[PDB]
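upload_18.cif follows (mmCIF, C-alpha atoms and all ligand atoms; chains and numbers go by the auth columns):
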data_data
loop_
_atom_site.group_PDB
_atom_site.id
_atom_site.type_symbol
_atom_site.label_atom_id
_atom_site.label_comp_id
_atom_site.label_asym_id
_atom_site.label_seq_id
_atom_site.Cartn_x
_atom_site.Cartn_y
_atom_site.Cartn_z
_atom_site.B_iso_or_equiv
_atom_site.auth_seq_id
_atom_site.auth_asym_id
ATOM 1 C CA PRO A 1 7.959 -13.820 7.791 0.00 1 X
ATOM 2 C CA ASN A 2 7.694 -14.456 4.021 0.00 2 X
ATOM 3 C CA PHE A 3 5.367 -12.030 2.279 0.00 3 X
ATOM 4 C CA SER A 4 6.114 -13.466 -1.182 0.00 4 X
ATOM 5 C CA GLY A 5 3.137 -14.326 -3.314 0.00 5 X
ATOM 6 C CA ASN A 6 0.382 -13.226 -5.640 0.00 6 X
ATOM 7 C CA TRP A 7 -2.202 -11.611 -3.456 0.00 7 X
ATOM 8 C CA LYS A 8 -5.879 -11.070 -4.204 0.00 8 X
ATOM 9 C CA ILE A 9 -8.052 -8.592 -2.359 0.00 9 X
ATOM 10 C CA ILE A 10 -10.782 -9.981 -0.095 0.00 10 X
ATOM 11 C CA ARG A 11 -11.666 -6.982 2.092 0.00 11 X
ATOM 12 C CA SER A 12 -11.481 -3.222 1.521 0.00 12 X
ATOM 13 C CA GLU A 13 -12.582 -0.659 4.107 0.00 13 X
ATOM 14 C CA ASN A 14 -12.551 3.139 3.951 0.00 14 X
ATOM 15 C CA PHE A 15 -10.597 3.550 0.685 0.00 15 X
ATOM 16 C CA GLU A 16 -12.830 6.051 -1.106 0.00 16 X
ATOM 17 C CA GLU A 17 -13.210 7.985 2.117 0.00 17 X
ATOM 18 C CA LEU A 18 -9.437 8.257 2.446 0.00 18 X
ATOM 19 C CA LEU A 19 -9.236 9.647 -1.103 0.00 19 X
ATOM 20 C CA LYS A 20 -12.123 12.045 -0.374 0.00 20 X
ATOM 21 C CA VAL A 21 -10.641 13.489 2.814 0.00 21 X
ATOM 22 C CA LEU A 22 -7.456 13.912 0.727 0.00 22 X
ATOM 23 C CA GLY A 23 -9.129 16.252 -1.791 0.00 23 X
ATOM 24 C CA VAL A 24 -9.464 13.771 -4.668 0.00 24 X
ATOM 25 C CA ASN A 25 -12.356 14.837 -6.918 0.00 25 X
ATOM 26 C CA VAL A 26 -15.411 12.649 -7.368 0.00 26 X
ATOM 27 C CA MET A 27 -14.713 11.764 -11.009 0.00 27 X
ATOM 28 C CA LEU A 28 -11.301 10.451 -9.990 0.00 28 X
ATOM 29 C CA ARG A 29 -12.638 8.704 -6.878 0.00 29 X
ATOM 30 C CA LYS A 30 -15.242 6.913 -8.985 0.00 30 X
ATOM 31 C CA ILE A 31 -12.571 5.637 -11.353 0.00 31 X
ATOM 32 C CA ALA A 32 -10.270 4.742 -8.462 0.00 32 X
ATOM 33 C CA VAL A 33 -12.808 2.580 -6.648 0.00 33 X
ATOM 34 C CA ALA A 34 -14.422 0.933 -9.675 0.00 34 X
ATOM 35 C CA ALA A 35 -14.116 -2.808 -10.335 0.00 35 X
ATOM 36 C CA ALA A 36 -11.606 -1.955 -13.076 0.00 36 X
ATOM 37 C CA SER A 37 -9.288 -0.643 -10.348 0.00 37 X
ATOM 38 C CA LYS A 38 -9.369 -3.758 -8.159 0.00 38 X
ATOM 39 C CA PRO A 39 -5.729 -4.232 -7.112 0.00 39 X
ATOM 40 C CA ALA A 40 -3.770 -7.427 -7.492 0.00 40 X
ATOM 41 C CA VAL A 41 -0.542 -7.374 -5.532 0.00 41 X
ATOM 42 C CA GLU A 42 2.598 -9.357 -6.316 0.00 42 X
ATOM 43 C CA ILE A 43 5.319 -9.395 -3.664 0.00 43 X
ATOM 44 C CA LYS A 44 8.793 -10.883 -4.015 0.00 44 X
ATOM 45 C CA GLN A 45 10.624 -10.837 -0.693 0.00 45 X
ATOM 46 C CA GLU A 46 14.272 -11.797 -0.357 0.00 46 X
ATOM 47 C CA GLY A 47 15.056 -11.206 3.305 0.00 47 X
ATOM 48 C CA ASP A 48 14.794 -7.444 3.861 0.00 48 X
ATOM 49 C CA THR A 49 14.637 -6.693 0.097 0.00 49 X
ATOM 50 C CA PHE A 50 11.176 -6.276 -1.452 0.00 50 X
ATOM 51 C CA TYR A 51 9.648 -5.901 -4.883 0.00 51 X
ATOM 52 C CA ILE A 52 5.948 -5.040 -4.836 0.00 52 X
ATOM 53 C CA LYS A 53 3.870 -4.751 -7.990 0.00 53 X
ATOM 54 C CA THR A 54 0.277 -3.549 -7.827 0.00 54 X
ATOM 55 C CA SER A 55 -1.779 -4.161 -10.960 0.00 55 X
ATOM 56 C CA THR A 56 -5.173 -2.976 -12.126 0.00 56 X
ATOM 57 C CA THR A 57 -6.834 -3.215 -15.524 0.00 57 X
ATOM 58 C CA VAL A 58 -5.197 0.078 -16.571 0.00 58 X
ATOM 59 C CA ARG A 59 -2.150 0.608 -14.366 0.00 59 X
ATOM 60 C CA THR A 60 0.980 -1.059 -13.049 0.00 60 X
ATOM 61 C CA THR A 61 2.827 0.277 -10.022 0.00 61 X
ATOM 62 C CA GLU A 62 6.193 -1.140 -8.993 0.00 62 X
ATOM 63 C CA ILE A 63 8.243 -0.382 -5.923 0.00 63 X
ATOM 64 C CA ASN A 64 11.635 -1.743 -4.904 0.00 64 X
ATOM 65 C CA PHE A 65 12.979 -1.243 -1.417 0.00 65 X
ATOM 66 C CA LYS A 66 15.128 -2.664 1.318 0.00 66 X
ATOM 67 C CA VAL A 67 14.046 -2.244 4.906 0.00 67 X
ATOM 68 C CA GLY A 68 15.879 0.739 6.393 0.00 68 X
ATOM 69 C CA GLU A 69 16.850 2.354 3.067 0.00 69 X
ATOM 70 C CA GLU A 70 15.074 5.346 1.564 0.00 70 X
ATOM 71 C CA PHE A 71 13.300 4.866 -1.756 0.00 71 X
ATOM 72 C CA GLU A 72 10.967 6.781 -4.050 0.00 72 X
ATOM 73 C CA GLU A 73 7.289 6.108 -4.639 0.00 73 X
ATOM 74 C CA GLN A 74 4.010 8.024 -4.854 0.00 74 X
ATOM 75 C CA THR A 75 1.480 8.655 -2.115 0.00 75 X
ATOM 76 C CA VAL A 76 -1.968 7.103 -2.518 0.00 76 X
ATOM 77 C CA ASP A 77 -3.024 10.276 -4.373 0.00 77 X
ATOM 78 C CA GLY A 78 -0.046 10.095 -6.761 0.00 78 X
ATOM 79 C CA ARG A 79 2.403 12.618 -5.255 0.00 79 X
ATOM 80 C CA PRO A 80 6.132 11.668 -5.370 0.00 80 X
ATOM 81 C CA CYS A 81 7.544 10.981 -1.902 0.00 81 X
ATOM 82 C CA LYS A 82 10.609 9.655 -0.134 0.00 82 X
ATOM 83 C CA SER A 83 9.652 6.485 1.747 0.00 83 X
ATOM 84 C CA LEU A 84 11.347 4.470 4.504 0.00 84 X
ATOM 85 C CA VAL A 85 10.190 1.085 5.771 0.00 85 X
ATOM 86 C CA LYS A 86 10.993 -0.349 9.189 0.00 86 X
ATOM 87 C CA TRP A 87 9.939 -3.556 10.930 0.00 87 X
ATOM 88 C CA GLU A 88 7.472 -2.600 13.668 0.00 88 X
ATOM 89 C CA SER A 89 7.438 -6.228 14.766 0.00 89 X
ATOM 90 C CA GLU A 90 8.424 -9.604 13.355 0.00 90 X
ATOM 91 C CA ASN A 91 5.415 -9.823 11.043 0.00 91 X
ATOM 92 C CA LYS A 92 4.660 -6.169 10.353 0.00 92 X
ATOM 93 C CA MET A 93 6.388 -3.419 8.386 0.00 93 X
ATOM 94 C CA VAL A 94 5.575 0.276 8.522 0.00 94 X
ATOM 95 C CA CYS A 95 6.398 2.929 5.949 0.00 95 X
ATOM 96 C CA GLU A 96 6.831 6.611 6.669 0.00 96 X
ATOM 97 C CA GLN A 97 6.518 9.013 3.754 0.00 97 X
ATOM 98 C CA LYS A 98 7.932 12.496 3.131 0.00 98 X
ATOM 99 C CA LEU A 99 6.781 14.534 0.128 0.00 99 X
ATOM 100 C CA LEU A 100 9.590 15.488 -2.228 0.00 100 X
ATOM 101 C CA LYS A 101 7.743 18.722 -3.063 0.00 101 X
ATOM 102 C CA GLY A 102 5.543 20.836 -0.780 0.00 102 X
ATOM 103 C CA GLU A 103 3.597 20.265 2.437 0.00 103 X
ATOM 104 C CA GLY A 104 0.632 17.976 2.981 0.00 104 X
ATOM 105 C CA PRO A 105 -1.116 15.478 5.228 0.00 105 X
ATOM 106 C CA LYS A 106 0.997 12.904 7.090 0.00 106 X
ATOM 107 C CA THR A 107 0.720 9.722 5.007 0.00 107 X
ATOM 108 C CA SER A 108 1.919 6.206 5.750 0.00 108 X
ATOM 109 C CA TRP A 109 1.227 2.551 5.094 0.00 109 X
ATOM 110 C CA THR A 110 1.715 -0.803 6.759 0.00 110 X
ATOM 111 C CA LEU A 111 1.801 -4.473 5.750 0.00 111 X
ATOM 112 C CA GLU A 112 1.302 -7.382 8.152 0.00 112 X
ATOM 113 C CA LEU A 113 1.313 -11.148 7.568 0.00 113 X
ATOM 114 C CA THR A 114 -1.071 -13.131 9.780 0.00 114 X
ATOM 115 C CA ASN A 115 -0.544 -16.601 11.182 0.00 115 X
ATOM 116 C CA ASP A 116 -3.002 -18.085 8.694 0.00 116 X
ATOM 117 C CA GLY A 117 -1.331 -16.313 5.793 0.00 117 X
ATOM 118 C CA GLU A 118 -3.530 -13.275 5.229 0.00 118 X
ATOM 119 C CA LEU A 119 -1.981 -9.955 4.278 0.00 119 X
ATOM 120 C CA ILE A 120 -3.302 -6.871 6.010 0.00 120 X
ATOM 121 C CA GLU A 121 -2.529 -3.493 4.446 0.00 121 X
ATOM 122 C CA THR A 122 -3.270 -0.164 6.108 0.00 122 X
ATOM 123 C CA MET A 123 -2.954 3.275 4.545 0.00 123 X
ATOM 124 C CA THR A 124 -3.287 6.400 6.635 0.00 124 X
ATOM 125 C CA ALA A 125 -3.630 10.135 6.092 0.00 125 X
ATOM 126 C CA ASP A 126 -3.639 12.016 9.409 0.00 126 X
ATOM 127 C CA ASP A 127 -6.531 10.499 11.413 0.00 127 X
ATOM 128 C CA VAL A 128 -8.136 8.494 8.590 0.00 128 X
ATOM 129 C CA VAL A 129 -7.254 4.801 8.148 0.00 129 X
ATOM 130 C CA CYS A 130 -7.993 2.496 5.207 0.00 130 X
ATOM 131 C CA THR A 131 -7.647 -1.275 5.630 0.00 131 X
ATOM 132 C CA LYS A 132 -7.346 -3.890 2.891 0.00 132 X
ATOM 133 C CA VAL A 133 -6.951 -7.636 3.339 0.00 133 X
ATOM 134 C CA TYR A 134 -5.565 -10.099 0.793 0.00 134 X
ATOM 135 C CA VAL A 135 -5.073 -13.853 0.458 0.00 135 X
ATOM 136 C CA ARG A 136 -2.642 -15.775 -1.746 0.00 136 X
ATOM 137 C CA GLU A 137 -3.618 -17.163 -5.112 0.00 137 X
HETATM 138 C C1 LIG B . -8.595 -0.455 -2.789 0.00 201 B
HETATM 139 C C2 LIG B . -9.775 -0.881 -3.542 0.00 201 B
HETATM 140 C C3 LIG B . -9.937 -0.577 -4.842 0.00 201 B
HETATM 141 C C4 LIG B . -8.880 0.230 -5.548 0.00 201 B
HETATM 142 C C5 LIG B . -11.142 -1.027 -5.585 0.00 201 B
HETATM 143 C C6 LIG B . -11.924 -1.911 -5.126 0.00 201 B
HETATM 144 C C7 LIG B . -13.221 -2.185 -5.797 0.00 201 B
HETATM 145 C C8 LIG B . -14.033 -3.084 -5.406 0.00 201 B
HETATM 146 N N1 LIG B . -15.280 -3.191 -5.949 0.00 201 B
HETATM 147 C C9 LIG B . -15.838 -2.312 -7.008 0.00 201 B
HETATM 148 C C10 LIG B . -15.942 -4.232 -5.367 0.00 201 B
HETATM 149 C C11 LIG B . -17.214 -4.735 -5.569 0.00 201 B
HETATM 150 C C12 LIG B . -17.538 -5.830 -4.764 0.00 201 B
HETATM 151 C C13 LIG B . -16.614 -6.349 -3.838 0.00 201 B
HETATM 152 C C14 LIG B . -15.421 -5.867 -3.654 0.00 201 B
HETATM 153 C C15 LIG B . -15.075 -4.858 -4.368 0.00 201 B
HETATM 154 C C16 LIG B . -13.787 -4.133 -4.354 0.00 201 B
HETATM 155 C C17 LIG B . -13.555 -3.499 -2.983 0.00 201 B
HETATM 156 C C18 LIG B . -12.636 -5.046 -4.759 0.00 201 B
#

Can the structure from this file be put into structure tokens for me?
Amino acid sequence: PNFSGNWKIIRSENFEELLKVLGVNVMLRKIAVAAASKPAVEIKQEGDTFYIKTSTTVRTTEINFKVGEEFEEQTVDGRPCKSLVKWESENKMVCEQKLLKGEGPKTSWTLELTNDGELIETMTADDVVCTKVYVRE
């Protein structure tokens, strides 16, 4: 699959609830789910090597990884973690995360490219799943 593109969000389900069950305070949740925080996602894929930039009005997040090689990022609540992405199937990657410091809920994410070119993202903490869907600009 080729995940490359500039992706715009078209569906978001259970995001604030994920943050809430994770202990994020209401002032921060409000900011995090406001229109000003609507994420635009740029992906550059070169085979198994990925660059993913997520942009909001106030923040840029950039990750660089190759499938099967450990890399650093932050969990959805901003805690540094060691991440590892594997292909679950031809069109879907899954990332396992390990906190660099301390214990905490089991967090993960996935990205899947559909036949008609939609991008499905999931983010999980224990038994709570958030789903976002994007289309290319
Ligand atoms: C993951 C989702 C985030 C960070 C924010 C999304 C915010 C919104 N808002 C405020 C909104 C309003 C109408 C329709 C869609 C949305 C969206 C989910 C993008």

- [ ] Enumerate, as a ChimeraX atom specification, the residues matched when the PyMOL selection byres (((chain X and resi 74) around 12) and not hetatm) is run on the file above.
- [x] /X:61-63,71-73,75-83,96-101,107-109

- [ ] May I have the residues within 10 Å of ligand LIG 201 (chain B), computed using all atoms listed in the file, as a PyMOL selection string?
- [x] chain X and resi 8-16+29-40+55-56+121+123+130-133

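For the pair CA of residue 5 in chain X and CA of residue 52 in chain X, the separation is 9.8 Å.
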
Task: Who sits within 9 Å of range 43-51 of chain X, all atoms listed in the file, same chain under 6 positions skipped, as a PyMOL selection string - done: chain X and resi 1-7+62-68

Would you output that residue set with C-alpha atoms, as an mmCIF file, in the frame of the given file?
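Listed below is the output, result32.cif:
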data_model
loop_
_atom_site.group_PDB
_atom_site.id
_atom_site.type_symbol
_atom_site.label_atom_id
_atom_site.label_comp_id
_atom_site.auth_asym_id
_atom_site.auth_seq_id
_atom_site.Cartn_x
_atom_site.Cartn_y
_atom_site.Cartn_z
ATOM 1 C CA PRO X 1 7.959 -13.820 7.791
ATOM 2 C CA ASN X 2 7.694 -14.456 4.021
ATOM 3 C CA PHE X 3 5.367 -12.030 2.279
ATOM 4 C CA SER X 4 6.114 -13.466 -1.182
ATOM 5 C CA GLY X 5 3.137 -14.326 -3.314
ATOM 6 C CA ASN X 6 0.382 -13.226 -5.640
ATOM 7 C CA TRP X 7 -2.202 -11.611 -3.456
ATOM 8 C CA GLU X 62 6.193 -1.140 -8.993
ATOM 9 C CA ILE X 63 8.243 -0.382 -5.923
ATOM 10 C CA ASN X 64 11.635 -1.743 -4.904
ATOM 11 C CA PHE X 65 12.979 -1.243 -1.417
ATOM 12 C CA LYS X 66 15.128 -2.664 1.318
ATOM 13 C CA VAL X 67 14.046 -2.244 4.906
ATOM 14 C CA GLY X 68 15.879 0.739 6.393
#

TODO: Give as number ranges by chain each residue that has an atom at most 9 Å from (1.0, -9.5, 9.1) in the file, counting only C-alpha atoms.
DONE: X: 1, 3, 90-93, 111-115, 117-121

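Note that the spacing between CA of residue 17 in chain X and CA of residue 116 in chain X amounts to 28.8 Å.
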
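The spacing separating CA of residue 26 in chain X from CA of residue 94 in chain X amounts to 29.1 Å.
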
Open item on the list: Which residues are close to residue 22 in chain X, i.e. within 8 Å by all atoms listed in the file, leaving aside same-chain residues fewer than 3 positions away? Reply as a count of residues only.
Closed with: 5

Starting from the incomplete input, reconstruct N, CA, C and O atoms of range 101-124 of chain X and report them as an mmCIF file, in the frame of the given file.
data_model
loop_
_atom_site.group_PDB
_atom_site.id
_atom_site.type_symbol
_atom_site.label_atom_id
_atom_site.label_comp_id
_atom_site.auth_asym_id
_atom_site.auth_seq_id
_atom_site.Cartn_x
_atom_site.Cartn_y
_atom_site.Cartn_z
ATOM 1 N N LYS X 101 8.110 17.334 -2.786
ATOM 2 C CA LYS X 101 7.743 18.722 -3.063
ATOM 3 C C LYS X 101 6.522 19.156 -2.248
ATOM 4 O O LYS X 101 5.467 18.522 -2.319
ATOM 5 N N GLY X 102 6.669 20.228 -1.473
ATOM 6 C CA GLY X 102 5.543 20.836 -0.780
ATOM 7 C C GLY X 102 5.216 20.293 0.601
ATOM 8 O O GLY X 102 5.949 19.469 1.148
ATOM 9 N N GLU X 103 4.117 20.781 1.175
ATOM 10 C CA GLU X 103 3.597 20.265 2.437
ATOM 11 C C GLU X 103 2.305 19.496 2.167
ATOM 12 O O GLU X 103 1.763 19.536 1.062
ATOM 13 N N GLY X 104 1.826 18.773 3.169
ATOM 14 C CA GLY X 104 0.632 17.976 2.981
ATOM 15 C C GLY X 104 0.320 17.124 4.185
ATOM 16 O O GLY X 104 1.012 17.183 5.196
ATOM 17 N N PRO X 105 -0.761 16.338 4.100
ATOM 18 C CA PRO X 105 -1.116 15.478 5.228
ATOM 19 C C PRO X 105 -0.036 14.430 5.500
ATOM 20 O O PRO X 105 0.723 14.096 4.591
ATOM 21 N N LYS X 106 0.048 13.955 6.735
ATOM 22 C CA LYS X 106 0.997 12.904 7.090
ATOM 23 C C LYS X 106 0.464 11.564 6.585
ATOM 24 O O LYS X 106 -0.556 11.076 7.071
ATOM 25 N N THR X 107 1.144 10.989 5.596
ATOM 26 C CA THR X 107 0.720 9.722 5.007
ATOM 27 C C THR X 107 1.686 8.589 5.329
ATOM 28 O O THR X 107 2.881 8.800 5.525
ATOM 29 N N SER X 108 1.145 7.378 5.375
ATOM 30 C CA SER X 108 1.919 6.206 5.750
ATOM 31 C C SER X 108 1.190 4.962 5.278
ATOM 32 O O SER X 108 0.025 5.021 4.874
ATOM 33 N N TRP X 109 1.884 3.831 5.313
ATOM 34 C CA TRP X 109 1.227 2.551 5.094
ATOM 35 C C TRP X 109 1.880 1.459 5.906
ATOM 36 O O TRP X 109 3.011 1.608 6.382
ATOM 37 N N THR X 110 1.164 0.358 6.084
ATOM 38 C CA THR X 110 1.715 -0.803 6.759
ATOM 39 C C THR X 110 1.326 -2.087 6.043
ATOM 40 O O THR X 110 0.307 -2.147 5.354
ATOM 41 N N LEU X 111 2.128 -3.127 6.233
ATOM 42 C CA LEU X 111 1.801 -4.473 5.750
ATOM 43 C C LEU X 111 2.096 -5.475 6.845
ATOM 44 O O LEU X 111 3.169 -5.428 7.450
ATOM 45 N N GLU X 112 1.153 -6.384 7.099
ATOM 46 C CA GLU X 112 1.302 -7.382 8.152
ATOM 47 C C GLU X 112 0.852 -8.741 7.636
ATOM 48 O O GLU X 112 -0.176 -8.848 6.964
ATOM 49 N N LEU X 113 1.617 -9.775 7.958
ATOM 50 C CA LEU X 113 1.313 -11.148 7.568
ATOM 51 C C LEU X 113 0.757 -11.886 8.774
ATOM 52 O O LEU X 113 1.426 -11.976 9.800
ATOM 53 N N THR X 114 -0.459 -12.412 8.657
ATOM 54 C CA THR X 114 -1.071 -13.131 9.780
ATOM 55 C C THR X 114 -0.650 -14.589 9.820
ATOM 56 O O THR X 114 -0.118 -15.134 8.857
ATOM 57 N N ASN X 115 -0.923 -15.219 10.959
ATOM 58 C CA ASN X 115 -0.544 -16.601 11.182
ATOM 59 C C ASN X 115 -1.159 -17.527 10.141
ATOM 60 O O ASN X 115 -0.518 -18.483 9.707
ATOM 61 N N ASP X 116 -2.384 -17.235 9.712
ATOM 62 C CA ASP X 116 -3.002 -18.085 8.694
ATOM 63 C C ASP X 116 -2.769 -17.588 7.267
ATOM 64 O O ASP X 116 -3.458 -17.998 6.334
ATOM 65 N N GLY X 117 -1.789 -16.705 7.112
ATOM 66 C CA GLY X 117 -1.331 -16.313 5.793
ATOM 67 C C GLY X 117 -2.149 -15.256 5.081
ATOM 68 O O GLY X 117 -2.103 -15.187 3.855
ATOM 69 N N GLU X 118 -2.889 -14.437 5.821
ATOM 70 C CA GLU X 118 -3.530 -13.275 5.229
ATOM 71 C C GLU X 118 -2.574 -12.089 5.271
ATOM 72 O O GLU X 118 -1.692 -12.008 6.137
ATOM 73 N N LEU X 119 -2.748 -11.182 4.321
ATOM 74 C CA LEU X 119 -1.981 -9.955 4.278
ATOM 75 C C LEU X 119 -2.891 -8.801 4.591
ATOM 76 O O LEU X 119 -3.879 -8.578 3.886
ATOM 77 N N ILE X 120 -2.566 -8.065 5.649
ATOM 78 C CA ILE X 120 -3.302 -6.871 6.010
ATOM 79 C C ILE X 120 -2.514 -5.628 5.610
ATOM 80 O O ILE X 120 -1.351 -5.470 6.000
ATOM 81 N N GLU X 121 -3.135 -4.751 4.839
ATOM 82 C CA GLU X 121 -2.529 -3.493 4.446
ATOM 83 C C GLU X 121 -3.305 -2.375 5.136
ATOM 84 O O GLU X 121 -4.534 -2.395 5.141
ATOM 85 N N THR X 122 -2.611 -1.402 5.714
ATOM 86 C CA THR X 122 -3.270 -0.164 6.108
ATOM 87 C C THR X 122 -2.623 1.004 5.396
ATOM 88 O O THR X 122 -1.455 0.939 5.015
ATOM 89 N N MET X 123 -3.416 2.036 5.159
ATOM 90 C CA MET X 123 -2.954 3.275 4.545
ATOM 91 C C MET X 123 -3.603 4.375 5.346
ATOM 92 O O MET X 123 -4.800 4.326 5.635
ATOM 93 N N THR X 124 -2.820 5.375 5.715
ATOM 94 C CA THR X 124 -3.287 6.400 6.635
ATOM 95 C C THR X 124 -2.972 7.797 6.115
ATOM 96 O O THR X 124 -1.900 8.021 5.560
#
